[PDB]
Amino acid sequence: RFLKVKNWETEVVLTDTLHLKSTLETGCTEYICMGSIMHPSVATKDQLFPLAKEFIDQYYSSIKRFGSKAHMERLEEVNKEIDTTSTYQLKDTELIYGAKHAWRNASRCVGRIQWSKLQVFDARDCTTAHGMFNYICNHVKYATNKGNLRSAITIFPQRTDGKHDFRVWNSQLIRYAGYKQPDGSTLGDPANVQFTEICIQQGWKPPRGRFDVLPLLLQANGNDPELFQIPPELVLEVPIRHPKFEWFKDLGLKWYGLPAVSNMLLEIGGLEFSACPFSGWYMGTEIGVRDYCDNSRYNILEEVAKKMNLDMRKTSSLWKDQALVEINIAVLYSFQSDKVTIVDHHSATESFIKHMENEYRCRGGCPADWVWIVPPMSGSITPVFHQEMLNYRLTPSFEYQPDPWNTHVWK
Amino acid sequence: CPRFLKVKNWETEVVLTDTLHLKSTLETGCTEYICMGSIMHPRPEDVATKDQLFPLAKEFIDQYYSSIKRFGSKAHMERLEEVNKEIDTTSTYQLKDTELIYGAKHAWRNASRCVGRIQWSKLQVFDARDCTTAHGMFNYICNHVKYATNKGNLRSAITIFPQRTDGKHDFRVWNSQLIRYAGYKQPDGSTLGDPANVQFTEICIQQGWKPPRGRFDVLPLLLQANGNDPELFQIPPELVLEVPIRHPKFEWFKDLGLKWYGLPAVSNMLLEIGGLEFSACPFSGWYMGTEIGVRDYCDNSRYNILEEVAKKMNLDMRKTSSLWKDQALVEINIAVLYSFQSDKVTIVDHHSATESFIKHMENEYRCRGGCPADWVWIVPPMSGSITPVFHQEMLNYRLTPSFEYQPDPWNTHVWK
Ligand code: HEM
Ligand code: HEM
Ligand SMILES: Cc1cc(CCc2cc(CCN(C)C)cc(F)c2F)nc(N)n1
Ligand SMILES: Cc1cc(CCc2cc(CCN(C)C)cc(F)c2F)nc(N)n1
Ligand SMILES: C[C@H](O)[C@H](O)[C@H]1CNc2nc(N)[nH]c(=O)c2N1
Ligand SMILES: C[C@H](O)[C@H](O)[C@H]1CNc2nc(N)[nH]c(=O)c2N1
Ligand SMILES: [Zn+2]
C-alpha cells in the first residue's frame with residue numbers, strides 16, 4: 001500500500017511508494033517497535049546471483065537502459081563469473097553507482113542532499129597495508145582540500161572467504177586518543193580508550209596529551225594490522241574559541257576538521273566491502289554536543305558552566321543547557337573563522353527537509369530514521385522534529401560490522 | 001517472537017531484559033520491513049460484539065486477579081462467571097470500583113509516550129459513571145480541577161464518565177484539554193492567542209460563546225452527555241491557577257505579558273479497560289517545563305515568541321549559525337521553571353523528569369519484566385542528548401488497559 005507521511009508544522013503530506021522495493025528487515029514486528037535500538041539483529045553462489053541480478057537491474061534501470069543488450073550481456077557476464085569463481089567484480093560505473101546509492105539509502109544520515117556529489121576512489125587493486133595507507137592519505141588530502149571539504153569514499157577489495165578481510169581498525173580515520181589514568185579517570189577521548197590501548201600494545205609510543213591524533217592501524221588481506229602515522233600537515237585542526245567569551249580559547253580545546261567513518265561495511269550487489277572509509281564535513285552538534293558534552297566523552301559542561309559562573313546547584317537552572325549552546329556557538333564560529341566547512345543543525349535539517357521533498361518527487365520516497373535525523377539539541381525548533389518519517393532498508397547500503405579485534409586470528 | 005529482548009543504555013552500559021512484550025495485545029503500525037515509530041497516529045456506531053467482548057473481559061479480569069494475588073481463587077472464578085453472564089444478557093458489563101481504579105492506573109502505567117509514569121500508582125481516580133447530563137459533567141470536572149490543582153501542590157487525577165454503549169450515547173469532552181487558551185484568526189491572516197486552538201475556538205463561538213478576544217482567554221468547556229448536543233460552561237476563574245512568566249535575570253521578561261495555566265489536563269483521549277470504552281476520561285498531572293517553554297511558546301505554529309525574546313536579548317538574528325534560536329529557547333525555559341517554582345506550583349524540569357523516568361524504567365524491568373517506551377516522545381524537545389533517556393534503548397509495544405486516540409467529536413456527532 002501507499003503510505004502517507006505528514007509534516008505537522010507545514011501540513012505537507014508526502015506519499016511513499018519506495019518502501020515497496022525493500023526486502024531487508026528492520027527489526028520491528030507488528031507487535032514490537034525497535035526503532036530506538038542501535039543495532040537490531042560469507043555468501044554462497046546460491047544467495048549471490050539474485051543479489052547481483054537485483055543490483056544490475058536497478059543500475060540499468062537508473063541509466064534508462066533496462067532490458068537493453070548491455071543489460072542482458074552484463075547479467076550473463078555476471079552469471080558466468082559467479083559460476084566459475086564464486087564471486088564477481090563490479091565495473092567501475094557500477095561501483096560508483098553503488099557507493100552513491102549506499103549513501104542515498106542511509107536512513108540515519110541527515111546530510112544526504114549531497115549524495116550524488118560523492119567522489120569515489122577505487123582501491124580494489126590494493127594488496128598491502130602500505131598500499132592502504134597511501135590510498136587513505138590521498139583520500140584525506142583530497143577530502144580536506146585546505147578547508148573546503150569534499151565528500152569522498154575509498155573502496156578497498158571486497159571480502160572473499162572472510163579470512164582475507166581488508167579492515168581499517170580505526171573507527172574514524174582521524175580521532176583523538178583516550179588514556180585510562182592511574183587515579184581511575186580518563187585523559188583525552190574516553191570513547192577511544194580500548195583502541196588507544198591496542199595501538200600502545202602494537203608499539204605506538206603515546207605522547208599522552210589530550211588531543212593526540214591516533215595512528216592508522218591497517219589490515220590488508222587478513223594479515224596482522226600495521227601502524228602508520230598520518231602526516232600532520234594532512235590533519236586539518238581547528239582551535240575552538242568563542243566570539244564573546246575571551247576565556248574560551250584558554251580551555252585549550254580543538255577538534256579536527258574531517259569526519260571520516262572508517263569501520264562500516266559497504267554492501268553492493270551481494271558483495272561486501274569491509275574497508276570503505278568515507279568522509280564528509282561536520283554538523284556542529286556532532287562535535288559540540290556529543291563529542292564535548294556526552295558524559296562518556298570529553299564531558300566539559302561543568303568546566304564551561306564554571307567559567308560562565310552559572311548556578312550549578314540545581315538542574316532546573318538549566319545551566320547544562322546554557323553551557324551547551326555556548327559550546328556549540330564556539331564550534332561553529334571557530335570552523336567558520338578558519339574557513340573549514342561546517343553546517344549548523346538548523347541549516348542541515350532544513351536541507352534534509354528539501355532533500356525529502358526531492359526524493360519523494362523523483363524517487364517515490366526517502367528512508368529516514370527520526371531517532372537519528374533529529375539533532376541532539378534544540379530538537380523541536382528544527383523542521384525535522386515535526387516531520388513524520390518512514391524507516392526502511394534499501395540496498396546498496398552501509399552496515400555495521402564487528403570490531404576486528406574481536407575476530408582477528410593473530411599471527 | 002523471541003522470548004527475551006535486551007535493551008542497552010549506551011552511556012551507562014546497563015543492559016535490561018524485557019519479557020513483558022510477550023503480553024502485548026494490539027498493533028504498533030510497524031512491520032518486518034518498515035518502521036513507523038515516528039508516525040504520530042499509526043465508524044463510531046461499531047461497538048464490541050458479545051463475541052469480541054468475552055475474551056477481552058476475561059483477559060482483563062485475569063490480569064486484575066493476578067495483581068491482587070488471587071488468581072484462580074473462588075472470587076476470581078465467580079467474577080468471571082458474573083461478567084460472562086452480564087455480557088450474555090446485556091451485551092456489556094460493568095466494572096467494579098476496584099477494577100476501574102486498577103484499570104485507570106494501568107492505562108497510565110502502560111502509556112508508552114509518558115515520561116511521568118514513575119507516579120502511576122498515586123493516581124486519584126474519580127468515578128463519574130453515575131453522571132447523566134452535561135451539567136453533572138461540569139460539576140465533576142470542576143471538582144477534578146479543584147482537587148488536582150490543590151492550591152499549586154498538584155495531584156494527578158482522572159475522572160471517568162460512563163462507558164460507550166451503542167456509540168450513539170457517548171460522553172465526550174470536546175476540549176482537547178480542560179484548560180486551554182483561545183486562538184483567534186484575524187481578517188489580515190495573523191492570529192491572537194494560541195494558534196493551536198483556532199479551530200476549537202471557532203466551534204465555541206458558533207455554539208454561543210462570547211469571546212473577550214485577548215491573548216490568554218481560557219476557553220469554556222464544551223460538554224456532551226449521553227450523545228446529546230454538547231453544551232457550554234465557563235470554568236470559574238478562581239479554579240484556573242495561572243503563573244505570570246518572569247525571568248530571574250532579565251527584568252524585561254515580565255514586560256512580555258506572558259502567563260500560563262498550572263494544570264495540564266488531557267480530555268480528548270479514550271480509556272479502554274477490558275474491552276470497555278470510556279470516551280470521556282479527563283486526566284491531569286503537572287507540567288514538565290519544556291511542555292510550556294519549548295512547545296507552547298516556541299513552536300512556530302504556537303505562540304512563537306523566540307523572535308521577540310531574541311530581540312530583547314539583542315541577539316544576532318541574521319544567520320542561523322549564531323544559534324540565536326537555541327539561546328532564546330533556553331532563557332524561556334529558565335523563566336518558565338523559575339516562575340512556577342517562585343509561585344510554588346508543581347513543575348518538573350526535563351533533567352529531573354528524564355532521570356526519574358530511567359529509574360522507573362529500571363524498576364519496571366526488574367519488577368514487571370519490561371516497560372513499553374516510545375523514544376520519539378520520551379526524549380525532551382530540547383537538549384536531548386544531555387538527558388539520560390537519549391542514550392537509553394527502548395522497546396515500544398501496546399499493553400492494555402490503555403489510553404487511545406479517538407476522532408474529534410465534531411467530525412462524528414449527529415446534531416440533534
Ligand atoms: C557531507 C556531509 C555529511 C553530514 C553533515 C553528515 C551527517 C550525519 C550525521 C549527523 C549522522 C548521525 C550519525 C551520528 O550522529 O553519529 C550521519 C550518519 C551517517 N552518515 Fe552522514 N553525513 C555526511 C556525509 C556522509 C557521507 C559522504 C556518507 C557515505 C558516503 C555518509 C554516510 C552516513 C551513514 C552510513 C550514516 C549512518 C551511521 C550509523 O548508522 O551509525 N554520510 N551523517
Ligand atoms: C504527573 C505528571 C506528568 C508528567 C510530567 C507527564 C509528562 C508527559 C509528557 C511530557 C508527555 C509527552 C507530552 C507531549 O509532548 O504531548 C506525556 C504523554 C502522555 N501522558 Fe503523561 N505526564 C504526567 C501525568 C500523566 C497522567 C496522570 C496520565 C494519565 C493518567 C498521563 C498519560 C499520558 C499519555 C496517555 C500520554 C500520551 C499522550 C499522547 O499520545 O498525545 N500522564 N506525559
Ligand atoms: C561522513 C560523515 C559521517 C558522519 C556520521 C558519523 C560521525 C558522527 C560523529 C558524532 C556523533 N557521535 C560521535 C556521537 C562524529 C564523526 F566524526 C562521525 F563521522 N558525520 C559527518 N559529518 N560526516
Ligand atoms: C496529564 C498530562 C499529560 C501530558 C501530555 C499531554 C500534554 C501535552 C502538552 C504539550 C503541548 N503540545 C501541543 C506540545 C501540554 C499539555 F497540557 C498536555 F496535557 N503532560 C502532562 N504534563 N500531564
Ligand atoms: C513527527 C513526530 O512524530 C512528531 O513531531 C512528534 C515527535 N516527538 C514528539 N514528542 C513529544 N513529547 N510530543 C510531540 O508532540 C512530539 N511530536
Ligand atoms: C538509544 C538510542 O538509539 C541512541 O542513543 C541514539 C539516539 N539517536 C542518535 N542520533 C544520532 N544522530 N546519533 C546517535 O549516536 C544517536 N544515538
Ligand atoms: Zn518500528
Side-chain angles (χ1 to χ4, degrees), chain B residues 26 43-57 60-61 82-97 99-101 103-104 107 125-144 157-178 200 203-204 206-209 219-233 265-283 400-416:
Chain B
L26 37 201
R43 172 174 262 162
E45 153 92 326
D46 293 359
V47 293
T49 64
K50 288 189 191 179
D51 304 339
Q52 278 152 17
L53 196 49
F54 287 123
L56 296 176
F60 169 74
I61 298 302
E82 175 187 41
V83 165
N84 182 270
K85 292 212 232 294
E86 254 193 283
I87 295 168
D88 234 275
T89 55
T90 71
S91 319
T92 189
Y93 71 105
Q94 298 296 317
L95 295 172
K96 299 292 183 25
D97 302 351
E99 296 165 354
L100 184 79
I101 292 159
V125 177
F126 294 115
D127 187 354
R129 286 174 297 163
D130 67 345
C131 192
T132 64
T133 69
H135 282 78
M137 301 180 65
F138 172 73
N139 188 40
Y140 272 110
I141 288 169
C142 287
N143 292 343
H144 177 138
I158 179 158
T159 294
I160 304 175
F161 291 104
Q163 64 210 51
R164 172 167 301 150
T165 56
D166 61 11
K168 299 164 182 177
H169 297 81
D170 289 5
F171 286 67
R172 295 294 301 265
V173 181
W174 283 37
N175 313 61
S176 62
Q177 301 172 18
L178 297 181
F200 184 72
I203 294 173
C204 291
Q206 177 184 1
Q207 294 307 129
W209 186 56
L219 284 160
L221 294 169
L222 222 208
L223 301 179
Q224 162 180 12
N226 205 38
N228 294 320
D229 292 342
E231 300 170 27
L232 287 173
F233 303 90
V266 175
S267 57
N268 60 0
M269 286 191 88
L270 185 147
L271 163 60
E272 181 250 78
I273 300 169
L276 305 173
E277 288 180 308
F278 298 92
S279 52
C281 62
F283 54 85
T400 52
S402 59
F403 292 107
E404 308 284 354
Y405 296 121
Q406 55 185 331
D408 287 329
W410 51 89
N411 291 323
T412 61
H413 175 67
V414 181
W415 288 94
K416 304 287 180 176

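Note on naming: letters A, B, ... go to the chains in the order of the sequence lines (proteins, then strands), and numbering restarts at 1 for each one.
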Could you tell me whether the side chain of B:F60 reaches within less than 4.5 Å of the side chain of B:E99, counting heavy atoms only? yes
No-hydrogen, no-angle side-chain donor-acceptor test under 3.5 Å, B:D229 and B:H413: yes
Is it true that a side-chain atom of B:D127 and a backbone atom of B:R129 form a donor plus acceptor pair closer than 3.5 Å? yes
If you measure from CG on B:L56 to CG on B:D51, what distance do you get to the nearest 0.5 Å? 11.5 Å
Hey, could you give me the CG/CD1 distance between B:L95 and B:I101, rounded to the nearest 0.5 Å? 11.0 Å
What's the spacing between B:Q163 CD and B:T165 OG1 if we round to 0.5 Å? 8.0 Å
For B:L276 and B:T92, what are the C-alpha separation, side-chain angles and deciding distance, and is it a side chain to side chain contact (heavy atoms under 4.5 Å, CB included)? CA-CA 8 Å; B:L276 305 173; B:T92 189; 3.7 Å; yes
Are B:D166 and B:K168 close enough for a salt bridge, meaning some N to O gap below 4.0 Å? no
State the CG-NE2 distance between B:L223 and B:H135, to the nearest 0.5 angstrom. 10.0 Å
Indicate the atoms forming the closest heavy-atom contact of B:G274 with B:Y93, along with that distance. O-OH, 2.8 Å
Whether the side chain of B:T400 engages the backbone of B:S402 through a donor-acceptor N/O pair (distance < 3.5 Å, no angle test) should be reported. no
Determine whether a donor-acceptor pair (N or O, by modelled atom type, separation under 3.5 Å) exists between the side chain of B:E86 and the backbone of B:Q94. yes
Euclidean distance, B:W415 CH2 relative to B:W410 CH2, rounded to 0.5 Å: 11.0 Å
What do the steps show when you test B:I203 against B:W209 for side chain to side chain contact (heavy atoms under 4.5 Å, CB included), and what is the final call? CA-CA 9 Å; B:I203 294 173; B:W209 186 56; over 6 Å; no
Is it the case that the side chain of B:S279 and the backbone of B:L270 share a donor-acceptor pair, with hydrogens and angles ignored and the cut-off at 3.5 Å? no
B:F200 and B:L219: CA distance, side-chain angles, deciding distance, side chain to side chain contact (heavy atoms under 4.5 Å, CB included) verdict: CA-CA 9 Å; B:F200 184 72; B:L219 284 160; 3.8 Å; yes
Can you tell me how far apart OH (B:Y405) and CG (B:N268) are? Round to the nearest 0.5 Å. 8.5 Å
Is B:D408 paired with B:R172 through a side-chain N to carboxylate O contact shorter than 4.0 Å? no
Mind listing the closest non-hydrogen atom pair of B:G103 and B:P401 along with its distance? O-CB, 3.3 Å
Side chain to side chain contact (heavy atoms under 4.5 Å, CB included) between B:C204 and B:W174, worked out: CA-CA 10 Å; B:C204 291; B:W174 283 37; over 6 Å; no
How close do B:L222 and B:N175 get, heavy atom to heavy atom, and via which atoms? N-OD1, 2.9 Å
For residues B:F233 and B:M137, determine if any side-chain heavy atom of one lies less than 4.5 Å from a side-chain heavy atom of the other. no
Under a 3.5 Å distance rule, please check whether B:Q177 uses its side chain to pair with a backbone N or O of B:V266 as donor and acceptor. no
Looking only at heavy atoms, what is the nearest atom pair of B:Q224 and B:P409, with distance? OE1-CB, 4.2 Å
Of all heavy-atom pairs linking B:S91 and B:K50, the shortest is OG-CE, 3.5 Å
Write down the atom of B:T133, the atom of B:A225, and the distance for their closest heavy-atom approach. C-CB, 3.4 Å
Check whether any side-chain heavy atom of B:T412 sits under 4.5 Å from a side-chain heavy atom of B:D170, and report yes or no. no
